[PDB]
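Enquirer: Following our numbering, the numbering of the sequence shown begins with 225 at its first residue and continues without gaps. We put the CB at the ideal spot given by N, CA and C, even for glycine. Here you go, one structure.
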Amino acid sequence: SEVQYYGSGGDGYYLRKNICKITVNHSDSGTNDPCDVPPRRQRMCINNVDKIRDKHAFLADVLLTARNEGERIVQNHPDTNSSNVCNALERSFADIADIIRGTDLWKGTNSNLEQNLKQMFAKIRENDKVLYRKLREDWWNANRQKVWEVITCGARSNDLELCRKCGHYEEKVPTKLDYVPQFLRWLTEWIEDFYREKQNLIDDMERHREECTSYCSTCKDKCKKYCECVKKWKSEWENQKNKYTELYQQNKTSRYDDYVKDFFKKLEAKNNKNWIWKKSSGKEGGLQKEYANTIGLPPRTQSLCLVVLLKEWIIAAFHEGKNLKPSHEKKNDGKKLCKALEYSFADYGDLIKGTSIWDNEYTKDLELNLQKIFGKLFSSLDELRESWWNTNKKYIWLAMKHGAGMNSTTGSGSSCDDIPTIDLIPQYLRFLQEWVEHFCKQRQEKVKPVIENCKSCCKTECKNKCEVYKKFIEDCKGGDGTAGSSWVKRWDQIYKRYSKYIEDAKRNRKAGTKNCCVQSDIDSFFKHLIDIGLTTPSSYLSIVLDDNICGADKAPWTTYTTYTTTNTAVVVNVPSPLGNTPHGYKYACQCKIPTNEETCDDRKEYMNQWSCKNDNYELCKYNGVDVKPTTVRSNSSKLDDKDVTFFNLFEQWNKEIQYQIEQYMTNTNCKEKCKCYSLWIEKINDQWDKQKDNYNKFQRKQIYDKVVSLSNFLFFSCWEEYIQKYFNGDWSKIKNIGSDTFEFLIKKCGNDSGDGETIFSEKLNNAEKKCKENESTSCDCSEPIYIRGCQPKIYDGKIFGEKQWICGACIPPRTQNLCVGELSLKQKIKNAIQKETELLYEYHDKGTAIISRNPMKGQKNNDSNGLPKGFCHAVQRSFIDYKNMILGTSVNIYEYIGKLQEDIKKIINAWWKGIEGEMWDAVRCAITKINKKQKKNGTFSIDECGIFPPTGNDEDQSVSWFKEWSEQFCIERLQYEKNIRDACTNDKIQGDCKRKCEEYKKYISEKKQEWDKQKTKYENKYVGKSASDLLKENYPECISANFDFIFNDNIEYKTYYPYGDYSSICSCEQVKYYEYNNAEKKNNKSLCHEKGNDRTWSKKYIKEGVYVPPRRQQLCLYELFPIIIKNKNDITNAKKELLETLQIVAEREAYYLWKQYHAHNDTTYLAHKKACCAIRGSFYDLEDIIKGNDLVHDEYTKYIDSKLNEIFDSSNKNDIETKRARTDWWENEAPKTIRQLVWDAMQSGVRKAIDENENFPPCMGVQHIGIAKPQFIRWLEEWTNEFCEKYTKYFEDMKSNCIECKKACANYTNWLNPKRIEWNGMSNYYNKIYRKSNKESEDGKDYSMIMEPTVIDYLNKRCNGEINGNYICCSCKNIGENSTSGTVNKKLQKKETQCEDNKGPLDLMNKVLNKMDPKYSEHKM
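So this is what it looks like as structure tokens:
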């Protein structure tokens, strides 16, 4: 039952949990009808053959009909009593059951349903293999068991065994058995209805008569009408009795008829509570069935006075309140009594409103009495109770505080709070606060003795109470509460229940709050909490509590702490108040030394997860993974034994330490930082010494029975790391390497010989000096007359013939001309540089229209010191050019200047440094003279643009010229963008816009060629870094530009977007998405590349321990970018263009994704499901990008997010409110929403991919899907699925091919080497925010729905089955040994020695090839 998945209705497999949450698109029905003296003749339900596959779909259809009828009758409520609601519900339940081939007594076209059901059972093969009416009895039993829990999930008033629902919802058995004949069931329904009508109408008539004061004539007329209808009812009853006698004489369906005749024959013939935490039974106190194993009841609620005309009822409430006052007066005898009154006030409110969550033995009778009283005295009953509570809580609160004389409405009997005392909170949170307050009281009384005799001053005086506090929390004893169970289990139950309410409020109600404020229901309060960010219980407790009632040390509720001690030891991670010791009292009540090594260990600062008198070997085992024997260790026919494990451990140790050194020296209170950094430096140095000793012992053992040395192995590792990072295929030939790349490889880590030990030594020295440096942190000459030799330079302007880029790497124009007319040389060069500097300053002052983003006036951008813009950079590059001129470094210049360089070298390096310092002093003196003759506004020589000189490690010739090129390109692009937007904003292009766009297109074409040459040269020189990131950080001019799109090298870029990021502005057309039903002119205009599997994971472009998947780095963000930069501060018209682009982008992404996973080789159920999940993941990524909850900031996504903020309200509106507005825009329309439109566009692309002669898949018929999880979680799931799939592929390939085992081991080792670090990063990030939220996590994202102890337990229960393709799409067969699978301890035992025996010769030849490469490089000259 309900096992069918992906049904013809459109959706499936959502059932088996939250079963009554069924829409029309779940059964294989012909028509999706919502089902909008027979009393049900008008419309009961009309939903109910050749299309149905199995009986499960028909059962789902009947489940849908019952749910629709249940919702319809609940929302209708024809009767105003609201007490006998479920009686009509079960009557409709019996009626719908009788429709399925029963006593169909409805006059009319009753044969249509009968014939349809007959063909239905015919298709089901009622004449089954096992012998005919067994199907009807079996399905009726299945019907009676199943649909009762679905139809009854709407109404929750009462049912007269279980209550608080129409029978039950989780009891799993029916309450009442309605085996009565439908012929007389209608008679029983009507006569029962007429009884209640008679008692109501006679009372209404009496009320009208006494309220009146010629109404006597009306009274008589009603009396005769009542007599007339009573006579009709008696006559009808007599006729029905005559029919009964006729049928009885006639006697004198098999089972149903026999039962009916059998029934016809029978008719003819107080105490202190202890915080009860258990579920509520029939007649015992306890939490409700929906509240089973939830927050318990305090003693106050169970010992209330209630447990022990409108004017009459309100006086009764006053008397109840007045009696309740002495109960709290004697039970509590200041602040303790006031809170008790407030909770009792709120508990009374929820009891009156009908939202009690405890339901004692007398609660059901009291609720029924309240329903009858308000039914007799007075939209909806629940709204009436809420209105009564709001308008009478004013007097009830005063009544409870010594209510004897009710005045019209401090000095009264209490001074708790004001008159209203607003406490409109759900009862679950109030019970949670009361339990936490009671726990805080117990914690404070236990912690007070500890602090008083453990104040850093211990043999036995302090540890005894520390053990008592540890014993008090670590069991179900010592403190009151939790109902005889550990505190951690109840806290976990509270966290699970709070998360469930957060999920239910977030998904069940699309828009609950902001309907008028809040709607004052259960979902609105949780919606408000989610908006605030208090989605975790710890955040809620911290904000609401005073933070001082417990601990006496300001112990936060958000600082989670974990303890291992509890025969078996289980790690328990809980908040700070739930701890074995007080906050900061870990290893402190023992009164020991600070232990700074472990002191920084608990802080998670520079963690090193390594644990390195014969002294044969050292373990150096990794934490968590346990060292095991090789299992193939042999002494005969084996080169080595018990050394492969050390080799793998040393290799993994080397990789992790190198990654840690790179991350710690490139990334980064400072005194304690470098203390722990110094401890880490000492630790790795000890590890390196131990590894050196073991590797030496390994070498001697190998020589005893030719292995490569430590330097040879380290040189191979750098080469291998380089190949995997960039080559990514481990190609045999490596001759295709540039000279710049080869020099970088020979200079970075390894020289021609092997110097790996020097590599580690220099890395340690570099780390130490960075640690040391981080912790540690006259001129009077005047010769103005001598000005002759050079003239103003040929600048790129016309004021009254401009130097062009002659483009080795490139040659800028200003470098081509310098004030070098003179070219003993010290004075000449000093005068030349000074003359050039003042001349450059003069042109930048007046000619400030080339490299300064400002008008002809300028200086209104401008430097903070008041100097001209773009003056520091030009001066610095001029000095760099002069430095390389005199020094003679690598320069891309022809023979014009080479003669001068040879002359300078022939005429003549501490002297050069002294010369450079002299020129710096001369430039400083010249700048001061310029300041002197410029009225001496302020004192400044070199602090304008940084006191220190340019000492970049990178070459200052090619990089600086590349910086100059991009700055000129970026400034000119902004000017051209301004000119276009001022001249082409007001349709076709025939005026002053074609010339501007055409000039821009030529300009982009020229700079594209220069960009390709410069980018290629930079990549050959610097392969580790990129070009776009360098330009963006140095120059904030072109934050809006993207070199990938503007200088895109594809062939379709010159057709669909030929104008380079301003096609939309220069075209002035309108975009549109041609759907499947639209015109034949489909939207096949895109720059999407064909997806490839060669791409790998990388952590670049992320604002730690998170890696971007290959799928996310290949999504099409090309079509959005011209439209994004088109609109600026425009939300009205940009809504249409953004939506149309998103549909086009989503359609293309699904089309290419399906072609990737079905590229003529994988046409199977698993391939379809994998493509289905990839399309879903892309949809979630697009949703998170639009919602602004994205982690990675690429070139496209960064500006898309920035412009999305700008398109919405400006800085007056808060960024969080802008984020909410974007979320609301994506969710709702402000026909269908953008979420469904994008999903339908993705479906339409899949139809095109399928039609390119295949059937449609099953896992794309889902009209709606569940809300996305956090982004990191989906990336982790994709990583696990790819890890398990690739692991299975390589292992099965290795087992069969192990005479080709060398290749299998090589691919296995190369693929598994980075995955271990990726697993460590993923696991560290998962543990960091495992149960965090917006105000607890480092990022403002919701993670309260995870609630997992560790990442390995989370992969369980999600990747432990088949590829469903809708919710779960990961499968694995190594769920247990996941951390060990990253290593090679257990899963690679049988093929352990073979891989090293193959890798040894591989290492030897690779080092031999890498040794001969520099020899061929040197011999080529």
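State the Cα-Cα distance for the pair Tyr1514 and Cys690, rounded to the nearest angstrom.
Expert: Rounded to whole angstroms, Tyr1514 to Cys690 spans 54 Å at the Cα level.
Enquirer: Please report the residue range of the beta strand (DSSP E) in which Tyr1281 lies.
Expert: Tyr1281 -> no beta strand (DSSP E), and no H or E assigned at all.
Enquirer: When we look at the beta-carbon of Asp1405 and count the other beta-carbons within 10 Å, is it buried (16 or more) or exposed?
Expert: buried
Enquirer: Below 8 Å CB to CB, which residues in the same chain sit around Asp964 once its five sequence neighbours on both sides are set aside?
Expert: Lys1241, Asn1244, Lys1245
Enquirer: What span of residues does the beta strand (DSSP E) with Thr785 cover, start to end?
Expert: Going by DSSP, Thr785 is part of the beta strand (DSSP E) stretching over 785-787.
Enquirer: Are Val1416 and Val1332 touching if we call contact CB-CB under 7 Å?
Expert: yes
Enquirer: Going by DSSP, name the residue or residues bridged to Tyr846.
Expert: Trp834
Enquirer: Can you tell me whether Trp1135 is buried or exposed? The criterion is at least 16 other CB atoms within 10 Å of its CB, across all chains shown.
Expert: exposed
Enquirer: Pick out whichever of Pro1573, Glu1230, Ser1322, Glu492 has its Cα sitting closest to the Cα of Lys1552.
Expert: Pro1573
Enquirer: Where do the ends of the beta strand (DSSP E) carrying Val796 lie?
Expert: 796-798
Enquirer: Along the alpha helix (DSSP H) that carries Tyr1550, what are the first and last residues, could you check?
Expert: 1525-1552
Enquirer: Going by beta-carbon coordinates alone, are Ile1409 and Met1466 separated by less than 7 Å?
Expert: no
Enquirer: Using the rule of at least 16 other Cβ atoms within 10 Å of the residue's Cβ for burial, across every protein chain shown, is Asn1274 buried or exposed?
Expert: exposed
Enquirer: Quick one: using the 10 Å Cβ neighbour count with 16 as the cut-off for buried, is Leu533 buried or exposed?
Expert: exposed
Enquirer: At least one CB of chain B closer than 7 Å to the CB of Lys1527: is that the case?
Expert: Protein chain content of the structure displayed is limited to a single chain, and chain B is not contained in it.
Enquirer: Hey, would you say the C-beta of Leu386 is under 6 Å away from at least one heavy atom of the ligand SAH?
Expert: Within the structure as shown, the ligand SAH is missing, as the structure has no ligands at all.
Enquirer: Determine the extent of the alpha helix (DSSP H) in which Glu1168 is found, giving its start and end residues.
Expert: Taken as a continuous stretch (DSSP letters only), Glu1168 belongs to no alpha helix (DSSP H), as it is neither H nor E.
Enquirer: Please report the straight-line C-alpha distance between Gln1199 and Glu1276, rounded to a whole angstrom.
Expert: 27 Å
Enquirer: Rounded to whole angstroms, how far is the Cβ of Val671 from the Cβ of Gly775, which I believe are closer than 8 Å?
Expert: 6 Å
Enquirer: Taking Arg431 as the reference, give the member of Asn584, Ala1033, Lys358, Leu601 with the closest Cα.
Expert: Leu601
Enquirer: Measuring straight from C-alpha to C-alpha, what distance separates residue 185 and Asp771?
Expert: One cannot answer for residue 185 here, as it falls past the ends of the chain, which runs 225 to 1645.
Enquirer: Our contact map puts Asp322 next to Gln406 with C-beta atoms below 8 Å; I'd like the distance itself, whole angstroms only.
Expert: 5 Å
Enquirer: Out of curiosity, what's the CA-to-CA distance linking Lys507 and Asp571?
Expert: 21 Å
Enquirer: Given that a residue counts as buried once 16 or more other Cβ atoms are within 10 Å of its Cβ, and exposed if not, what is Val868?
Expert: buried
Enquirer: At which residue ranges does the region 226-301 contain complete alpha helix (DSSP H) runs of 4 or more residues, listed in the order of the chain?
Expert: 279-300
Enquirer: Since I believe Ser1190 is in contact with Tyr1259 (beta carbons under 8 Å), could you give me their beta-carbon distance rounded to a whole number of angstroms?
Expert: 7 Å
Enquirer: Excluding the 5 residues preceding and the 5 following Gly1021 in the sequence, name in chain order all residues of the same chain whose CB lies nearer than 8 Å to its CB.
Expert: Taken in chain order, the residues that qualify are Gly1071, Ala1073, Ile1074.
Enquirer: Do the CB positions of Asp606 and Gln512 come within less than 7 Å of each other?
Expert: no
Enquirer: Note the first and the last residue of the continuous alpha helix (DSSP H) segment covering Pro673.
Expert: 651-676
Enquirer: Please say whether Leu1428 and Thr1504 have beta carbons closer to each other than 7 Å?
Expert: In this structure, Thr1504 lies away from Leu1428, with their beta-carbon atoms at least 7 Å apart.
Enquirer: Going by the CB atoms, is the gap between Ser935 and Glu981 shorter than 7 Å?
Expert: yes
Enquirer: From the DSSP output, read off the bridge partner residues of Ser1322.
Expert: Per DSSP, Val1332.
Enquirer: For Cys1593, tell me which candidate among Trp1499, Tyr1325, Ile1053 has the shortest Cα-Cα distance.
Expert: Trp1499
Enquirer: Output needed for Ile1154: all residues of its chain with C-beta closer than 7 Å, excluding positions within five of it in sequence on either side, in chain order.
Expert: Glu1062, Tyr1065
Enquirer: I'd like the list of long-range same chain contacts for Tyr1532, defined as Cβ closer than 7 Å, with 5 residues on each side in sequence excluded.
Expert: In the same chain as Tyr1532, and ignoring 5 residues on each side of it, the C-beta atoms closer than 7 Å to its own belong to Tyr1514, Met1518, in chain order.
Enquirer: Measure the beta-carbon distance from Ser306 to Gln743 and round it to whole angstroms, keeping in mind my assumption that it falls under 8 Å.
Expert: The Cβ separation is near 20 Å, so there is no contact.
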